[PDB]
């Protein structure tokens, strides 16, 4: 399996614990981890990607991702296999839960990438959503406020699934 590039951002550090969990499930696999507050340049260097963002400002990604969306779109994603992870709060944001991964998704598929790791919408409460395609969420959706006890298995199952598609 080619080395996995893990890219995240965080405001209040919740995402740091989620990244640590991803890294734990990749304990036997080569990965490298980057905080996109330091830019997105290195996304170019990996064939396998895990892009992680908490949700801010009505369904947006963290500002460090938003500020780099033009740079991200400059990257050629052809032949890359990408899993997306959002963190959000589904009851406080009934219309924008984990909406940040939509900004990443649209760029990855536009630039030739393959997005993997769609997840079931069962077990979530939402009034509206912008992160569904084909009846599933376009990535892994985590809610540490309301469903922290589901996060470890949600991540472990997801990592098992996307590793089957990874190069």
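Positions refer to the first chain, counted from 1.
When the mean C-alpha temperature factors of 46-54 and 26-34 are read from the deposited coordinates, 26-34 comes out higher. Listed residues 100, 112, 123, 139 were ranked by CA B-factor as deposited; 123 comes out on top. Per-chain ranking of the deposited C-alpha B factor places residue 128 in the highest third. When the modelled residues of the chain are ordered by C-alpha B-factor, residue 92 sits in the highest third. Among all modelled residues in its chain, residue 20 ranks in the lowest third by Cα B-factor. Among the modelled residues of its chain, residue 143 has a C-alpha B-factor that falls in the lowest third according to the deposited record. Residue 12 sits in the highest third of its chain by CA B factor, as recorded in the PDB entry.
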